[PDB]
Amino acid sequence: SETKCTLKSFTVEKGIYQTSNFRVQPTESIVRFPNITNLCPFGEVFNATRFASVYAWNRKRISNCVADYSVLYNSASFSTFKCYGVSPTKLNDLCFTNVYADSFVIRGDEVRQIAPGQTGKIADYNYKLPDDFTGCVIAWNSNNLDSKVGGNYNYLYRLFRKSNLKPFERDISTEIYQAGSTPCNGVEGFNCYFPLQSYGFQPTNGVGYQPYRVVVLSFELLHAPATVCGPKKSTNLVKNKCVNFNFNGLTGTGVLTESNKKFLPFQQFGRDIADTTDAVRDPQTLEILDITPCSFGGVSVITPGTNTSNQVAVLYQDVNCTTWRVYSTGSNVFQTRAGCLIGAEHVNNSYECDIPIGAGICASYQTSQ
Amino acid sequence: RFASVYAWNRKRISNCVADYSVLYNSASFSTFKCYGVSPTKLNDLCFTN
Amino acid sequence: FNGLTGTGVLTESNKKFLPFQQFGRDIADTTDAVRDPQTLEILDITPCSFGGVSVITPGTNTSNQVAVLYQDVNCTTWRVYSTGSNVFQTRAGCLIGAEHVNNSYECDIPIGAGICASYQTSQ
Amino acid sequence: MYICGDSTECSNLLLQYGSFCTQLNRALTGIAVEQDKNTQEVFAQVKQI
Amino acid sequence: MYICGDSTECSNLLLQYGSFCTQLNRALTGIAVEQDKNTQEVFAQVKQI
Amino acid sequence: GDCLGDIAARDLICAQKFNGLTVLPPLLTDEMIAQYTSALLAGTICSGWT
Amino acid sequence: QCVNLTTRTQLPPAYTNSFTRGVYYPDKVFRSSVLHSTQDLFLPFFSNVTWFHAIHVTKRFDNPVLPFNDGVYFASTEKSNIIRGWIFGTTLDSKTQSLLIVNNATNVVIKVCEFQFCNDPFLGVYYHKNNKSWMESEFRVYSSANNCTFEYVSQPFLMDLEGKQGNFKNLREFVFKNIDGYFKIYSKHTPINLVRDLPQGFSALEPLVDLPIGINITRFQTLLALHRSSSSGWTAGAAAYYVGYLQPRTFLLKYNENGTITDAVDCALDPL
Amino acid sequence: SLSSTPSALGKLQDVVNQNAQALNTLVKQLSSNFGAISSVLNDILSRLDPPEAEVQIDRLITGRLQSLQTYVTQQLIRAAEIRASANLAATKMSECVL
Amino acid sequence: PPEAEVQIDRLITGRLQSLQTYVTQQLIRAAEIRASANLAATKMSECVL
Ligand SMILES: *[C@@H]1O[C@H](CO)[C@@H](O[C@@H]2O[C@H](CO)[C@@H](O)[C@H](O)[C@H]2NC(C)=O)[C@H](O)[C@H]1NC(C)=O
Ligand SMILES: *[C@@H]1O[C@H](CO)[C@@H](O)[C@H](O)[C@H]1NC(C)=O
Ligand SMILES: *[C@@H]1O[C@H](CO)[C@@H](O)[C@H](O)[C@H]1NC(C)=O
Ligand SMILES: *[C@@H]1O[C@H](CO)[C@@H](O)[C@H](O)[C@H]1NC(C)=O
Ligand SMILES: *[C@@H]1O[C@H](CO)[C@@H](O)[C@H](O)[C@H]1NC(C)=O
Ligand SMILES: *[C@@H]1O[C@H](CO)[C@@H](O)[C@H](O)[C@H]1NC(C)=O
Ligand SMILES: *[C@@H]1O[C@H](CO)[C@@H](O)[C@H](O)[C@H]1NC(C)=O
Ligand SMILES: *[C@@H]1O[C@H](CO)[C@@H](O)[C@H](O)[C@H]1NC(C)=O
Ligand SMILES: *[C@@H]1O[C@H](CO)[C@@H](O)[C@H](O)[C@H]1NC(C)=O
Ligand SMILES: *[C@@H]1O[C@H](CO)[C@@H](O)[C@H](O)[C@H]1NC(C)=O
Ligand SMILES: *[C@@H]1O[C@H](CO)[C@@H](O)[C@H](O)[C@H]1NC(C)=O
Ligand SMILES: *[C@@H]1O[C@H](CO)[C@@H](O)[C@H](O)[C@H]1NC(C)=O
């Protein structure tokens, strides 16, 4: 039938057709995550009494925890949420390496500047993301926390600078900005400016002038040992079988075996000539495993015309036959240099060649044929 | 004053320097989007009509 | 030039642009001329890199001496990486790093235009 | 095998132009046939041994 | 030269599939070699002058 | 310096070279080919096919 | 707080050659029995390396401010723990933040602060003839450290501060890069036995740490320790260091059977 | 003479070497990105949802198809050259041997 | 950069196709030249010598 579909026909003439490859299916899946028991500090990051000024933004390292985001569902509400290097729906199946949370307060009309490729006083002078950004930007309205009736002037931003910031650069200096020809040795008047200004946050400001709390989660995926993981349940490790797997967020299908490869302390994955993972370091037992593909091929079908009979013989090019990686047996098994031929009777008489098989062997349909 | 949308205004701009930073100590825009050019490249360019 | 960037060599041009034309383009639609914004002079733009390089190598299991052929250099500040004498000029280019010999021999490493090279004796 | 590597999602996308793979194999099969033919024309000229 | 024209950003992107350029040149080099070989087979039949 | 000087010329050979397209010289020159031809003719006239 | 040292002689800078030094593992992927092509910043092969000295004899104690450029290759040949650390920053005074990485012989301290640095910073060890002991006695480096944003301190250890006779025995190599807020450090420690310049050979450096610093680095300075029995009352010990700069380069790297980089080709060195 | 000069059989060795190189080239080419974020389908699928993964996968599929098409075209050209050699050999068998 | 990269990848792919087409055509033409050269060599041996 595979031959018939390939040829787009319900009739197949006499000869040998190649028919895909011998394949096997996985039978079970393996999930191996580091055995992390701590929940990530969602409270500290999102429920903080105070946030930093944007000109002097904060940065915190997150490690050795479970990124269960659902804990925010009964508390937080975010008006903005966008991920750049990963789809939101995939976050729970992944592990993250160098995870950092940047934190600051800006105006509502400035929230749009916290993105790769933007310009404006925040994007240019206070906080900048790289174009090659992997992470998620989270923001919410804090008008009932960061606003005061007479004006909350505790949050500052930089307005004047001589050149733009580089990605993840911080600048907390207070030197007077020279807009004109004057040296500005102090002075602070005329064309000399103090570089920072306050945001007058008041509860009655319109939305574009209300304060917003912004959290930026920066991270890297699938190339190094991870310490922060989503809420997955590890399973047992199954070796020498075709299995599906997930090792620290990296999925695949294959056969896992013990390896003699010695990874350096900082190496989590190994790769072959095609840059395809061919080895991993197990997250709980630090054993190196090799990964071999499940399907190895070598199949072709020997067919009398279908207008005569529907008997076929199948040749397995990479099977020795001397649990054979064949689809079936049913006797009539003959081994040759061209493969294991199943479904044909070996005859000791030489004849002229009809359907060539290879390596000196030919086949034909002959007599009760 | 601004024009009614049904009878929108149009003004020609010429012979000047497009230094957008002058708006940083005054204006605040909730919307800003460029279509044929990246925002970060505006300061390196010259514009015709 | 007015926002249009590039790399190249600028020279005076004899092209006469119409009053409304600021840039000129070649057959590949690549800018090859501009009108300077302050002095209204037309300049031509020529690419910096022009090519023609190949390396003549004895096997590396014998020696690490090589000769370099510059296909578009006349040698008679030569657009070469180095000199160091041993400069021979042929129809196939300027060959730097090989001694010219007046004896004819059978061909070993062909260079082109009747010239071959080999590694021979203090080799 | 070459393109998808047993990834199911890739295989399902590959089907968008599966006539291409069939054509590549018709070409390679034709070459394989000629190689056996070439051998016989050069050596099997006399069928009397 | 043909693809990027000394643009650095293009050159760095081109490297994503640099094995392709090597393959194109292996093919052209093989042609160049044959052209000198063809000339000798037709004319340099007798090495006695 | 010839392609730089003669810009107005719009010489197709320079246009090809600046885009990475190079034509390589033959190993045998026309003079060398003529010598092989002459040897064959001298041979034929003097000694036929021998 | 700060001391301006005097009684030094005047020599031109020395130069040496980098040979095949300055290669580091560009990634965290295990690879083996394969050649791989990569394009990071590297010290070019056979490049110009500036050679600095701490010698007593023609007394020298070279601790100049050097440009950082696009990254730095740093190497040291030592017998007695003279080179302690580095200062990285721009103006190197209390106008901007700067990074201080120093081994003070009891701990390792990394700080990012608006440091007001000394115009001749140093550390030092006093030798007690009585009971033959070498002890830390001085730490200058800076007069102030305001508005600190990053700090790390290692666990305690005891450094061997003994002065030594003989050849240099320890080669330490570092690569410093400052990319998108991270100060990236790679390193290697190789045993040596030499009397002059940077030894020949090949070794790839491993990643050490990615520091979340967030500052602009254009200049840096090396911090050396002094030995004593004051601007003139000091001994220069013995030590030397080398500084080169990284440039974008394409390299062909060779991974052996166990995934160790054992060799490399600098694709821009020459036509071969 | 045949024992002494191993280059005599270079014509047959070259056939073997050319085909081996062509197959090794196809394997090496799998590492190419072709405009995709990663050459590995598993990285694409581990991080992206279906509609995003599909874009990255289509870039790899198109590139992979070009690699195979290039291979096949080169094999057809080489085969034509082999056919000509085989025809010459067959002629020589008939006219030199028989 | 991230927008330019899309536009550049479109040009790189197209430029590679132009070069690949060129090389393929040169290989086909070269095969025809080889056949002519072989004929010429035969004639030299059989008509001239
Ligand atoms: C990193 O520091 C350098 C040195 O202070 C800054 O470069 C200076 O910029 C000003 C303003 O454009 C110029 O007047 C100086 O001449 C520059 N000095 C040098 C040595 O280049 C650089 O701008 C800073 N980096 C960032 C992102 O702000
Ligand atoms: C913030 O505090 C409130 C109580 O005031 C609590 O109900 C909520 O869960 C906390 N948020 C987080 C993220 O822990
Ligand atoms: C920096 O130091 C000044 C005092 O000189 C202080 O007022 C200010 O709050 C400090 N921090 C920042 C981020 O500016
Ligand atoms: C917990 O982690 C350690 C260290 O990786 C490992 O040795 C241990 O087996 C893990 N635990 C289980 C199965 O409880
Ligand atoms: C199959 O395996 C046997 C050993 O059990 C070996 O002798 C035989 O040659 C193998 N068959 C082929 C076709 O290689
Ligand atoms: C100012 O513009 C005019 C007209 O384009 C030009 O001639 C003049 O040289 C320019 N000025 C300078 C260098 O001041
Ligand atoms: C190099 O230039 C000279 C004139 O100085 C000329 O005679 C010679 O033919 C040129 N060389 C070649 C290979 O064309
Ligand atoms: C050392 O001299 C310099 C001037 O060359 C001066 O700036 C510095 O503050 C002096 N330091 C001390 C400790 O005297
Ligand atoms: C650079 O190396 C050369 C030797 O190749 C040496 O002569 C020179 O003095 C070194 N340094 C400088 C700054 O020139
Ligand atoms: C080294 O630094 C640590 C941390 O600042 C300090 O506690 C310790 O006393 C210092 N040691 C010396 C010898 O100065
Ligand atoms: C050696 O003697 C000096 C001077 O009395 C003293 O300061 C030092 O602590 C002594 N050495 C040790 C190891 O205690
Ligand atoms: C690889 O490591 C083994 C020890 O596990 C050692 O015997 C072998 O010599 C090493 N190979 C190389 C190339 O260093």
# chains A, B, ... in the order shown; residues from 1 in each chain; ligands from 1
>>> residues_near_ligand(ligand="ligand 9", cutoff="10 Å", atoms="only C-alpha atoms and all ligand atoms", output="PyMOL selection string")
chain G and resi 13-17+46-50
>>> write_last_selection(atoms="C-alpha atoms", output="PDB file, in the first residue's frame")
ATOM      1  CA  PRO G  13      57.406  49.512  27.319  1.00  0.00           C
ATOM      2  CA  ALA G  14      58.467  46.056  26.297  1.00  0.00           C
ATOM      3  CA  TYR G  15      56.772  44.039  23.646  1.00  0.00           C
ATOM      4  CA  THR G  16      56.317  40.354  23.095  1.00  0.00           C
ATOM      5  CA  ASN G  17      54.306  38.171  20.780  1.00  0.00           C
ATOM      6  CA  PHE G  46      50.902  36.397  16.460  1.00  0.00           C
ATOM      7  CA  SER G  47      49.680  39.805  17.652  1.00  0.00           C
ATOM      8  CA  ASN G  48      51.527  42.651  19.520  1.00  0.00           C
ATOM      9  CA  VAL G  49      51.403  42.172  23.350  1.00  0.00           C
ATOM     10  CA  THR G  50      52.514  44.892  25.719  1.00  0.00           C
TER      11      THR G  50
END
>>> residues_around(residues="stretch 21-36 of chain H", least_positions_apart="2", cutoff="10 Å", atoms="only C-alpha atoms", output="PyMOL selection string")
(chain A and resi 272-276) or (chain D and resi 2-3) or (chain E and resi 13-20+23) or (chain H and resi 16-19+38-41+44+53+55-64+67-68+70-72+74-75) or (chain I and resi 5-6+8-10+12-13)
>>> write_last_selection(atoms="N, CA and C atoms", output="CSV table (one decimal), in the first residue's frame")
chain,number,residue,atom,x,y,z
A,272,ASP,N,26.2,16.8,17.7
A,272,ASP,CA,26.9,16.2,16.6
A,272,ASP,C,27.3,17.1,15.5
A,273,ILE,N,27.8,16.6,14.4
A,273,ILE,CA,28.3,17.3,13.2
A,273,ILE,C,27.2,18.2,12.6
A,274,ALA,N,25.9,17.8,12.8
A,274,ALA,CA,24.8,18.5,12.2
A,274,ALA,C,24.2,19.4,13.2
A,275,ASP,N,24.9,19.6,14.3
A,275,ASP,CA,24.6,20.4,15.5
A,275,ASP,C,23.3,20.0,16.2
A,276,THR,N,23.0,18.7,16.2
A,276,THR,CA,21.9,18.1,16.8
A,276,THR,C,22.3,17.4,18.1
D,2,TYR,N,15.7,12.9,6.1
D,2,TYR,CA,16.7,13.9,6.0
D,2,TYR,C,16.2,15.3,6.5
D,3,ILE,N,14.9,15.6,6.1
D,3,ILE,CA,14.4,16.9,6.4
D,3,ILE,C,13.8,17.1,7.8
E,13,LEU,N,25.6,37.5,8.2
E,13,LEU,CA,24.4,36.7,8.0
E,13,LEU,C,24.7,35.5,7.0
E,14,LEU,N,25.5,35.8,6.0
E,14,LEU,CA,25.8,34.9,5.0
E,14,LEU,C,26.4,33.6,5.5
E,15,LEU,N,27.2,33.8,6.6
E,15,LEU,CA,27.9,32.7,7.3
E,15,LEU,C,26.9,31.6,7.8
E,16,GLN,N,25.6,31.8,7.8
E,16,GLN,CA,24.6,30.9,8.3
E,16,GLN,C,24.6,29.6,7.4
E,17,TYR,N,25.0,29.8,6.1
E,17,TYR,CA,25.1,28.7,5.1
E,17,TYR,C,26.3,28.9,4.2
E,18,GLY,N,27.5,28.9,4.8
E,18,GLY,CA,28.7,29.1,4.1
E,18,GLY,C,29.3,27.9,3.4
E,19,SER,N,28.7,26.7,3.7
E,19,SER,CA,29.1,25.5,3.0
E,19,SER,C,28.6,25.4,1.6
E,20,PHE,N,27.6,26.3,1.3
E,20,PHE,CA,27.0,26.4,0.0
E,20,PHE,C,28.0,27.0,-1.0
E,23,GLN,N,30.8,24.7,-1.9
E,23,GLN,CA,30.4,23.8,-2.9
E,23,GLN,C,30.3,24.4,-4.3
H,16,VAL,N,35.0,7.0,-6.3
H,16,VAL,CA,34.6,6.7,-5.0
H,16,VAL,C,34.6,7.9,-4.0
H,17,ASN,N,35.6,8.7,-4.2
H,17,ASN,CA,35.8,9.8,-3.3
H,17,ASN,C,34.7,10.9,-3.5
H,18,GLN,N,34.3,11.1,-4.8
H,18,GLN,CA,33.3,12.1,-5.1
H,18,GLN,C,32.0,11.8,-4.5
H,19,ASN,N,31.6,10.5,-4.6
H,19,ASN,CA,30.3,10.2,-4.1
H,19,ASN,C,30.3,10.3,-2.5
H,38,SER,N,16.9,28.5,14.6
H,38,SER,CA,17.8,27.4,14.9
H,38,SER,C,17.6,26.3,13.9
H,39,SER,N,18.7,25.6,13.6
H,39,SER,CA,18.8,24.5,12.7
H,39,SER,C,18.2,23.2,13.2
H,40,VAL,N,17.9,23.2,14.5
H,40,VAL,CA,17.3,22.1,15.2
H,40,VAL,C,15.8,22.2,15.4
H,41,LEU,N,15.1,21.3,14.8
H,41,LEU,CA,13.6,21.3,14.9
H,41,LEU,C,13.2,21.2,16.3
H,44,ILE,N,13.1,24.6,18.1
H,44,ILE,CA,12.0,25.4,17.6
H,44,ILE,C,10.7,24.9,18.3
H,53,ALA,N,6.1,28.2,15.4
H,53,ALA,CA,7.0,27.1,15.0
H,53,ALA,C,6.9,26.9,13.6
H,55,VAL,N,6.5,28.9,11.1
H,55,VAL,CA,7.3,29.8,10.3
H,55,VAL,C,8.7,29.3,10.3
H,56,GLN,N,9.2,29.0,11.4
H,56,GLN,CA,10.6,28.6,11.5
H,56,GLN,C,10.8,27.3,10.8
H,57,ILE,N,9.9,26.4,10.9
H,57,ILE,CA,10.0,25.1,10.3
H,57,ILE,C,9.9,25.2,8.8
H,58,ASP,N,9.0,26.0,8.3
H,58,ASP,CA,9.0,26.2,6.8
H,58,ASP,C,10.3,26.7,6.3
H,59,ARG,N,11.0,27.6,7.0
H,59,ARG,CA,12.3,28.1,6.5
H,59,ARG,C,13.3,26.9,6.5
H,60,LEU,N,13.3,26.0,7.4
H,60,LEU,CA,14.2,24.9,7.4
H,60,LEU,C,13.8,23.9,6.3
H,61,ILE,N,12.5,23.7,6.1
H,61,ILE,CA,12.1,22.7,5.1
H,61,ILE,C,12.5,23.2,3.7
H,62,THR,N,12.3,24.5,3.4
H,62,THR,CA,12.7,24.9,2.1
H,62,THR,C,14.2,24.8,1.9
H,63,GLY,N,15.0,25.1,2.9
H,63,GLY,CA,16.4,25.0,2.8
H,63,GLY,C,16.9,23.5,2.6
H,64,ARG,N,16.2,22.6,3.3
H,64,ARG,CA,16.6,21.2,3.3
H,64,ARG,C,16.3,20.7,1.9
H,67,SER,N,19.0,21.5,-0.5
H,67,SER,CA,20.2,20.7,-0.3
H,67,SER,C,20.0,19.4,-1.1
H,68,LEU,N,18.9,18.8,-1.0
H,68,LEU,CA,18.6,17.6,-1.7
H,68,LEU,C,18.5,17.7,-3.2
H,70,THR,N,20.1,20.0,-4.9
H,70,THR,CA,21.4,20.3,-5.4
H,70,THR,C,22.1,19.0,-5.6
H,71,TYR,N,22.0,18.1,-4.6
H,71,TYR,CA,22.6,16.8,-4.6
H,71,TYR,C,22.2,16.0,-5.8
H,72,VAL,N,20.9,15.9,-6.0
H,72,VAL,CA,20.4,15.1,-7.1
H,72,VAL,C,20.9,15.7,-8.4
H,74,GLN,N,23.6,17.3,-9.1
H,74,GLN,CA,25.0,17.0,-9.3
H,74,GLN,C,25.2,15.5,-9.6
H,75,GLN,N,24.4,14.6,-9.0
H,75,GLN,CA,24.6,13.2,-9.3
H,75,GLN,C,24.2,12.9,-10.7
I,5,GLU,N,17.4,42.4,9.0
I,5,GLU,CA,17.8,41.0,8.8
I,5,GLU,C,16.7,40.3,8.0
I,6,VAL,N,15.5,40.6,8.1
I,6,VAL,CA,14.5,39.9,7.3
I,6,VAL,C,14.7,40.3,5.8
I,8,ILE,N,17.4,41.4,4.4
I,8,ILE,CA,18.6,40.9,3.9
I,8,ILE,C,18.5,39.4,3.6
I,9,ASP,N,17.9,38.6,4.5
I,9,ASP,CA,17.8,37.2,4.2
I,9,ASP,C,17.0,36.9,2.9
I,10,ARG,N,16.0,37.8,2.6
I,10,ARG,CA,15.4,37.6,1.3
I,10,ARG,C,16.3,37.8,0.2
I,12,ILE,N,19.7,37.5,0.3
I,12,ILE,CA,20.7,36.4,0.3
I,12,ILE,C,20.2,35.2,-0.4
I,13,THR,N,19.0,34.8,-0.1
I,13,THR,CA,18.5,33.5,-0.7
I,13,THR,C,18.4,33.7,-2.2
>>> interface_residues(of="chain A", to="chain I", cutoff="9 Å", atoms="only C-alpha atoms", output="compact mmCIF listing (two decimals) with C-alpha atoms, in the first residue's frame")
# COMPACT_ATOMS: atom_id res chain seq x y z
CA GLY A 117 13.80 48.82 18.94
CA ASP A 131 17.39 43.81 19.94
CA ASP A 132 18.25 40.17 20.59
>>> residues_around(residues="residue F:26", least_positions_apart="3", cutoff="9 Å", atoms="only C-alpha atoms", output="list in words")
residues 92, 112, 113 and 114 of chain C; 32, 35 and 36 of chain E; 29 of chain F
>>> write_last_selection(atoms="N, CA and C atoms", output="CSV table (one decimal), in the first residue's frame")
chain,number,residue,atom,x,y,z
C,92,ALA,N,49.6,36.1,-16.0
C,92,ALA,CA,48.6,35.6,-15.1
C,92,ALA,C,48.5,36.4,-13.8
C,112,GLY,N,49.5,29.4,-14.8
C,112,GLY,CA,48.7,29.9,-15.9
C,112,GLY,C,49.6,30.7,-16.8
C,113,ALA,N,49.1,30.8,-18.1
C,113,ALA,CA,49.8,31.6,-19.1
C,113,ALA,C,51.2,31.1,-19.3
C,114,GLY,N,51.4,29.8,-19.3
C,114,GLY,CA,52.7,29.2,-19.6
C,114,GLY,C,53.6,29.0,-18.4
E,32,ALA,N,37.3,24.4,-14.4
E,32,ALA,CA,38.5,25.1,-14.9
E,32,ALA,C,39.6,24.0,-15.1
E,35,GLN,N,39.2,22.3,-18.4
E,35,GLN,CA,39.4,23.1,-19.6
E,35,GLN,C,40.9,23.0,-20.0
E,36,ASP,N,41.8,22.9,-19.0
E,36,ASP,CA,43.2,22.8,-19.4
E,36,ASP,C,43.5,21.4,-19.9
F,29,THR,N,49.3,28.9,-23.7
F,29,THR,CA,49.2,30.1,-24.4
F,29,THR,C,49.0,29.9,-25.8
>>> atom_distance(atom1="atom CA of residue B:34", atom2="atom CA of residue A:119")
11.1 Å
>>> residues_near_ligand(ligand="ligand 11", cutoff="9 Å", atoms="only C-alpha atoms and all ligand atoms", output="ChimeraX atom specification")
/G:127-135
>>> residues_near_ligand(ligand="ligand 2", cutoff="7 Å", atoms="only C-alpha atoms and all ligand atoms", output="MDAnalysis selection string")
chainID A and resid 42:43 46:47 71:72 74:76
>>> residues_near_ligand(ligand="ligand 12", cutoff="10 Å", atoms="only C-alpha atoms and all ligand atoms", output="ChimeraX atom specification")
/A:260-262 /G:32-33,255-260,262
